[PDB]
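Take a look at this single chain in structure tokens; it is the form solved without the partner chain.
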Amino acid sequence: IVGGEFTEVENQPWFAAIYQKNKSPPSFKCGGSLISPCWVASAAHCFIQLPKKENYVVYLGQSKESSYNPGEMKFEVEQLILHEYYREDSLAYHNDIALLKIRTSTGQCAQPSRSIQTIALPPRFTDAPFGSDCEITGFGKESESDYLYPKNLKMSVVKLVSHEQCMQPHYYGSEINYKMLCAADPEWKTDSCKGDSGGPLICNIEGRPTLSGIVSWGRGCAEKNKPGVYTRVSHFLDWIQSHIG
């Protein structure tokens, strides 16, 4: 995360940390969100270069990447589902969403705690407005030109950007479609970055934190006129219900 502050999972207790196994400790690879006790949502691009469920391990309840955290829970991936129309197109990703069924060494799904909670999915519809300020979180880089990653969780606040604005040529032109969500900082100083992908974009809808987007792409980090782009979760609700329901 560029900008924002360092924080503890207790402030993003749906955050899921997805690592890849090694031939020998596992490598942090990207973020995700606990959308139900057995199911983590993330980005499909996180799994392409090796799409085998046995190669991944999911930790819930972590403030510090790649070390033990009190109240941590470690899960194997029972089932790995990538969207059927996932696709890379030279600038960006499309239909960039994945579902992971998680399970412990002893069979259990996620056990709630102050550091492990689920996050709500957006409603089909809702009347009554809400704010366009939404939260991001992850272990991504703190600046686009860093080598090296922070090792401790960070969080920040960005504003949603209208499709129309995001589609202006100065922004991302016709690469942006109705299945995507754009979010940036109005003064271009806080953003998600490399290593934040798959992680959540938390808006506050009908009074509760809501998973409105998944970190998918953007040119650099906190660059002027280059918002972060998120899978628009509300668009995939029926797809999500048909798999986890």
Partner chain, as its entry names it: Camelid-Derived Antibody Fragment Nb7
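Positions refer to the first chain, counted from 1. The term rigid core refers to the maximal set of C-alpha atoms that superpose within 1.5 Å between the two forms.
One more form of this protein exists, namely the form deposited with the partner chain bound; it is left out here, but the text below deals with it.
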Option touching the partner chain, based on a heavy atom within 4.5 Å in the deposited bound form, out of 55, 177, 67, 204: 67
Of 168, 132, 111, 152, the only residue with a heavy atom within 4.5 Å of the partner chain in the deposited bound form is 152
In the deposited bound form, segment of 77-85, 101-109, 119-127, 160-168 with a heavy atom within 4.5 Å of the partner chain: 101-109
Should residue 19 be classed as touching the partner chain in the deposited bound form when contacts are defined as heavy atoms within 4.5 Å? yes
Using heavy atoms and a 4.5 Å limit, would one call residue 51 a contact residue for the partner chain in the deposited bound form? no
Considering non-hydrogen atoms and a 4.5 Å limit, does the partner chain approach residue 41 in the deposited bound form? no
Is the gap between residue 36 and the partner chain in the deposited bound form 4.5 Å or less for some heavy atom pair? no
Give, in sequence order, every residue of 126-145 that has a heavy atom within 4.5 Å of the partner chain in the deposited bound form, or say none if there are no such residues. 139
Shifting its Cα by 2 Å or more between the shown form and the other one with the rigid core aligned, the only one of 179, 219, 64, 53 is 64
Superposing on the rigid core, I want to see if residue 152 changes position between the shown form and the other one - specifically a Cα shift of 2 Å or more. no
After a core superposition, would you say residue 108 shifts its C-alpha by at least 2 Å between the shown form and the other one? no
Given a core-based superposition, decide whether the C-alpha of residue 131 shifts by 2 Å or more between the shown form and the other one. yes
Closer or farther: C-alpha pair residue 65/residue 227 in the deposited bound form, relative to this form, given a change of 3 Å or more: farther
Kindly indicate if, in the deposited bound form, the C-alpha atoms of residue 131 and residue 161 are closer or farther apart than in the structure shown, bearing in mind the change is 3 Å or more. closer
